[PDB]
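One structure is given here, and the rest of the page talks about it.
Each reported figure results from applying straightforward, stated rules to the coordinates on display, with no laboratory input. Reconstructed Cβ throughout: ideal geometry from the backbone, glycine too, with neighbour counts over all protein chains shown.
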Amino acid sequence: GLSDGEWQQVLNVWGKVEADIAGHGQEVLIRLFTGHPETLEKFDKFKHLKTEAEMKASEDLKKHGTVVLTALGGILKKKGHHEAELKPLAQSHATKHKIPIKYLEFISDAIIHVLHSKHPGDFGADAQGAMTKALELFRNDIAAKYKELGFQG
Ligand code: HEM
């Protein structure tokens with residue numbers, strides 16, 4: 001898992017997100033969708049977004065960004081003790097949303113990108129390391145639930 005020091009770094013980085021949850025959430029989803037257009041197709045409510053301009057102008061995309069990062073933030077604040085928070089998310093994403101674990105990898109990478117993009121020079125190597133570990137733990141615990149369900153895609 002993560003050390004106490006690493007968790008402190010994660011939650012310190014997260015303070016950046018919490019100052020503008022909607023903006024971070026929007027940029028994370030836009031990074032995901034533009035980098036990996038197939039991911040948009042999992043969202044019936046975002047499929048109509050034909051351009052990045054349309055994505056940026058979508059209030060509902062911003063809203064969903066807030067939902068996503070709020071959920072992730074609740075999980076991170078548990079510092080690994082997140083079974084109750086994570087299980088339902090893993091299960092909805094496998095069974096209802098049909099989200100391959102690959103897409104969770106994509107969004108994890110998108111979060112790292114967005115943190116650097118929004119805070120260039122202020123997302124240090126230690127912070128990137130700690131946040132990466134936290135996102136890997138998140139993804140890996142989801143992956144375990146996916147295997148339980150026999151879910152691939
Ligand atoms: C940081 C990782 C993610 C978090 C924390 C997250 C969180 C959430 C939450 C809280 C919801 C609403 C409740 C629910 O249905 O369980 C949701 C819905 C959904 N998620 Fe995710 N999600 C993540 C990654 C992804 C990815 C990578 C995709 C697709 C590429 C995805 C696809 C969806 C879809 C299609 C819905 C239903 C949206 C709707 O039409 O309302 N999620 N997600």
Sum of -39500 (n - 2.57) over DSSP H runs of 4+, divided by residues of the chain (222 nm, nearest 500) | -23000 deg cm²/dmol
What percent do you get for the relative contact order of the chain when only Cα pairs under 8 Å and 6+ apart count?
-> 36
Highest average packing first - 20-31, 73-84, Cβ atoms within 10 Å = 20-31, 73-84
If contacts are Cα pairs under 8 angstrom and at least 6 residues apart, what is the relative contact order of the range 16-99 in percent?
-> 35
Reduced to Cα centres, the span from the range 1-47 to the range 84-153 in Å works out to 9
Using mean Cβ contacts within 10 Å as the protection proxy, how do 62-68, 146-152 order, highest first?
-> 62-68, 146-152
Can you give the net charge of the other residues whose Cβ lies under 13 Å from the Cβ of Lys78, counting K and R as +1 and D and E as -1?
-> 0
In a solvent-free Debye calculation with one equal scatterer on each Cα, what is log10 I(q)/I(0) for the chain at q = 0.13 Å⁻¹, listed in the order of the q values?
-> -0.58
In the neighborhood of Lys16, defined by Cβ-to-Cβ distances under 15 Å, what is the net charge if each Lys or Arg adds +1 and each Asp or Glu adds -1?
-> -3
